[PDB]
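Protein chains in written order, with PDB author numbering: chain A, 987 to 1027; chain B, 445 to 493; chain C, 297 to 395; chain D, 51 to 198; chain E, 100 to 296; chain F, 544 to 937; chain G, 741 to 789.
Structure first, commentary second.
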Amino acid sequence: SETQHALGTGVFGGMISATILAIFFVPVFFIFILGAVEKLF
Amino acid sequence: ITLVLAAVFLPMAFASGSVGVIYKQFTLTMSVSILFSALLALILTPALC
Amino acid sequence: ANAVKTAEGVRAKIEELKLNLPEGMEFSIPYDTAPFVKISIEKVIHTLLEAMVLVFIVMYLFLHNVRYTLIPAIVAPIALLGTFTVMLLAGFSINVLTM
Amino acid sequence: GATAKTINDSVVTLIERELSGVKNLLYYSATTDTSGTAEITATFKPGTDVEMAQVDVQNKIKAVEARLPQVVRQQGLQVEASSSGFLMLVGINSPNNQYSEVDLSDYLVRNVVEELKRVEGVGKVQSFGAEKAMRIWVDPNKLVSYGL
Amino acid sequence: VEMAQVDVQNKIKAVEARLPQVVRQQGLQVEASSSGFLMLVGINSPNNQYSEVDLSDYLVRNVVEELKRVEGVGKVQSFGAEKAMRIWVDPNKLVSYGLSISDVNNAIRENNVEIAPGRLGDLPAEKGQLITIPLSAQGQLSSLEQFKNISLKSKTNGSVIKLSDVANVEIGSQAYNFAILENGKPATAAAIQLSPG
Amino acid sequence: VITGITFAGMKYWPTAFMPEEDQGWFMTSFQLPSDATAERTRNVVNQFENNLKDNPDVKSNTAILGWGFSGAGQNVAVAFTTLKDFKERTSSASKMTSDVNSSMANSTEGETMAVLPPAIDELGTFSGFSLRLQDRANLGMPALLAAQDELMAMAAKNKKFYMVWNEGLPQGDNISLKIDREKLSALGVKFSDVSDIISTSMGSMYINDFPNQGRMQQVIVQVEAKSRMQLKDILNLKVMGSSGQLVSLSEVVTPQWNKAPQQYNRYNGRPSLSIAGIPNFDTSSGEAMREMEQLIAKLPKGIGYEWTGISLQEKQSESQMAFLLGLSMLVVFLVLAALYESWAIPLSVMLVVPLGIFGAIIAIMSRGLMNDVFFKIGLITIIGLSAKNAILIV
Amino acid sequence: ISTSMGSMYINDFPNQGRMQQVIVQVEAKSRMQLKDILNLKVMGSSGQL
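Written as structure tokens, this is what we have:
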């Protein structure tokens, strides 16, 4: 069980975090990163 | 997506030590399976759909 | 060398040795490591099957149609089958880590 | 015919002196015990082939053969590859005790060991038993009394 | 190089027993060619306080092993001679006592012989033994003086004579054939080779 | 702030190499003092068998008397104990090893230590950490043992170490006869005469081979058992003399008792002693290694240490993880830039990885599993998956 | 002749932990001229050199 547990726990948590947060953060990241270059112009 | 996912595991396969051997198996399996799945998605699934 | 094949061969040879064993003697295998290997690979394969079933269930729930979930589900077996050929060509083997 | 300290002073140090050159070496250790045998172990980088390592070790340990004392050189230095782990243990036991332990060990040694060795994948078979031999126990008092 | 060296090693094994006993005593030294010469380490003594043998024996004991710890250093070859016990027998004095060199050799063999260590309590052991311990003894000469006290038995008078009586005992280079002089003074030299990669 | 907090989450959580596994067997190593005979080892092994007799969770346990890892002699033994299938079993091998250790610590004639199977195929002969204590200043063989004793004394109190021991044969005592040359010379007996009686006093001599049922079998001769037990037999050996009166060794040799190490071990060319230990529960292997490194820092100058076996691989894997992660991130960034013909698009995708890292770290913290190789593989996989969502959007 | 004019190696002895060689030969002063070599004698059957 332990060998499976170690492999599964990290990926489970990471996928949950990168799913729930990403859908809400990626838009902001893209908008502000592109606005940086927009301001530079 | 396929290229990004495949590229990620390549650097770790080249690590040294026993952990490098441990990483080589995962790199091979995951990268080759991902490439095969992308090939299938590009070829077979359009025909089935 | 492989422990599974070696253990199987040793047991097979003991099968022959038993015929000529003088009465009053008894062969024995006090310490064996063969079970745990096959047990581990079989368990990981069972977990593979369970994961396949679970991904099929989630795809069926989201697509709502048997054919729609069938179209992606078939992909995994073919990818794994090609991966096995690539492993054989590359000289690697089947083990718990690969599984 | 030597003590562990003398073995360490004479053979072990000289042998380990030349292990440094071997390609792909990782670490080298040595053990000298009161039993009478000196054992050196050399570990290579993971993934290195054992076959080339063995020949390299043999060739680079020849250098001390002349430097080593006469008895060691004439006896010989044995180079091998051992995993150090047992997967199977076979055995013979007599619940009725009709056949004694010595006879059991002799039967294991005479037939079982070679038959297991011929089975492919059996690198080594350590038999914790001894084949029979003529055993002569001399009484020193009797010999000195008769002058022998 | 490894394949050829192992091949020649295996081939020369056959006649190892057909060479002269004296030749076999020294032992054949097979060695692959050396590529990767870095430098040499030379202990020269301008004051002539030490000779070649002493400098070689200092370098081997203290610096040869010490230098190998350098990362990237593969092997070291020592040019020089290692000390050994020499017994320069006076022939006239041997004639006086009616002894020969063979007698001296036999005395050296007899007096300097190793003793096989044992173990008290070693199995087999009679029931009731609770202690086991190694037991050892020394029978090898180990110093200049003790080698001088090696007993020799005279014939004409039957007296026991030290070995110094009919010989001079010292320590010198095992082989006197070659010599090395740096700036006109004794010297010894160690050469360095790479480790692979 | 999320990135900042996950940074420390990676940095500070303990680390290990491989999860421990229950494989249905364990090893018990019996070590008696250097004065022990076969009977005492047999007695301790019998008591061990007595303890393991009454537990239905054990199939059988085999003991090799006279053989053991890290040394072979009359005072060593190794017992292989195998357990019944998992379903019938109600206790893991760890609990049984703890029970055996406690029972043997209660009353035995020596040190006996129950160890789980090694995790990797051949990385050591047990589970835990192995260390080589070397003498790096030529302090002396006697002083190295004193330093080792100091290390055990200071490490016994530590919580992080369940139990730590020396993996090797202990010190002992030896009788070193001193042969007086001029005594023998005056008495007239040849020195070779006194040498050849000691040589054959208690050693084994081989003569030739005889056929037994058509099989060549050696012929071995040895002084009877009764005559090679105590110092009296060797001390009383009689050799004929020139004067006509037999002279025993007692007159011509001197018995001397000395204390010396029985076994000499070297590691990387420098005298050394092996030490083994088990990481205590609630403490990872890496934490135990760090603690023992700090303990070694306190020993006298000239005593150094090195990690051999699984420990060195663990340290190497810990070291190279940062470079592996950096190279993976750079590769993905370059691939994204190449595929999208822009320099700002990839950065948005890359910034998402910390989000997955916060949640991988959180999960491992919540269950409490120590950082290990599988965690690094999971991190590498989540990098790709988060990049795969960010790509889908961008 | 072999031992007197050629070095004859007998055995090993321990010196400072290293095994060194024991070699027997006639003094260099005597092994100087042909006449001196002829002067070397043998143990006799009757005890006369």
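Note that beta-carbon positions come from the ideal geometry of N, C-alpha and C, so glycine has one too.
Start-end ranges of the alpha helix (DSSP H) lying completely within the segment 758-785 of chain G, minimum 4 residues: 774-779
Which one of D:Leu127, D:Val114, D:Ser134, D:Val163 has the shortest CA to CA distance from D:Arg67? D:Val114
Is there a Cβ of chain G sitting closer than 7 Å to that of E:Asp189, yes or no? yes
Would you mind sorting F:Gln806 into buried or exposed? The rule is 16 or more other CB atoms within 10 Å of its CB. buried
Using 6 Å as the cut-off, classify the Cβ of E:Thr255 as near or not near the heavy atoms of the ligand MG, replying yes or no. The ligand MG is absent from the structure shown, which contains no ligand whatsoever.
In chain B, which residues lie with their C-beta within 7 Å of the C-beta of F:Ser673? What F:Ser673 touches in chain B: nothing, since even the nearest Cβ is about 15 Å away.
Can at least three beta-carbon pairs, one atom from the segment 216-230 of chain E and one from the segment 756-770 of chain G, be found at a separation below 8 Å? no
Under 8 Å from the C-beta of B:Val465: neighbouring residues of chain D: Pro96, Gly97
With a threshold of 16 other CB atoms inside 10 Å of the CB of D:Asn58, please say whether the residue is buried or exposed. buried
Name the chain D residues that come within less than 7 Å of C:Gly305, Cβ to Cβ? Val169, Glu170, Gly171
For E:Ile270 and G:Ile750, I'd like the C-alpha separation in whole angstroms. 15 Å
Using a beta-carbon distance below 7 Å, is F:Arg771 in contact with chain D? no
If F:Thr580 and E:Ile230 are in contact, beta carbons under 8 Å, what's the gap, nearest whole angstrom? 7 Å
Along the chain, where does the alpha helix (DSSP H) that runs through C:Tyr356 open and close? 330-359
Using 7 Å as the limit for Cβ to Cβ distance, is E:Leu222 near chain F? yes
Should C:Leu377 be labelled buried (16 or more other beta-carbon atoms within 10 Å of its own) or exposed? exposed
For the alpha helix (DSSP H) that contains B:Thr489, what are its first and last residues? 462-492
Touching or not, the segment 909-916 of chain F and the segment 841-853 of chain F, by the rule of three or more beta carbon pairs under 8 Å? no
Rounded distance between the beta-carbons of F:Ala819 and residue 501 of chain F, thought under 8 Å: Examination of residue 501 of chain F is not possible in this model, given that chain F is present from 544 through 937 alone.
Measure the alpha-carbon distance for D:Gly173 versus F:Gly667 and round it to whole angstroms. 19 Å
For D:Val162, decide whether its Cβ has a neighbour in chain E, counting only Cβ atoms nearer than 7 Å. no
Counting C-beta neighbours from all protein chains within 10 Å, is the total for residue 942 of chain F 16 or more, i.e. buried, or is it exposed? The structure shown does not extend to residue 942 of chain F, since chain F is modelled only from 544 through 937, so no value can be given for it.
Below 9 Å on C-beta distance, what does E:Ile200 contact in chain G? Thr743, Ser744, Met748, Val764, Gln765, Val766, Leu780
Residue-chain proximity (F:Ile904, chain B), Cβ-Cβ < 7 Å: no
Roughly how many angstroms lie between the CA atoms of E:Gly296 and E:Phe136, to the nearest whole one? 14 Å
Short-range partners of chain F found in the segment 229-244 of chain E, where Cβ spacing is below 8 Å: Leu229, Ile230, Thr231, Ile232, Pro233, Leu234, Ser235, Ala236, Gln237, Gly238
CB contact flag (E:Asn205, E:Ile249, <7 Å): no
If you compare alpha carbons, which of F:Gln714, F:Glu794, F:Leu867 is closest to D:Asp83? F:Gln714
Taking the continuous beta strand (DSSP E) assigned at D:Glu89, which residues delimit it? 88-94
Identify which residue in E:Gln273, E:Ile291, E:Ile232 has its Cα closest to the Cα of F:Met745. E:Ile232
Residues in the segment 875-891 of chain F having any Cβ partner in chain A nearer than 9 Å: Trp886, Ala887, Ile888, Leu890, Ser891
Threshold first: 3 residues or longer. Then list the beta strand (DSSP E) segments lying entirely within the segment 93-155 of chain D, N to C. 138-143
For a contact meaning CB atoms closer than 8 Å, what does C:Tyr327 contact in chain D? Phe136, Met138, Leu139
Applying a beta-carbon distance threshold of less than 8 Å, which residues of chain C neighbour B:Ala485? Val371
Output, in chain order, the set of chain F residues within a Cβ distance shorter than 9 Å of B:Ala451. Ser871, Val874, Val875, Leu877, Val878, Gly927
So who's on the other strand from F:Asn604, going by DSSP bridges? F:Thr624
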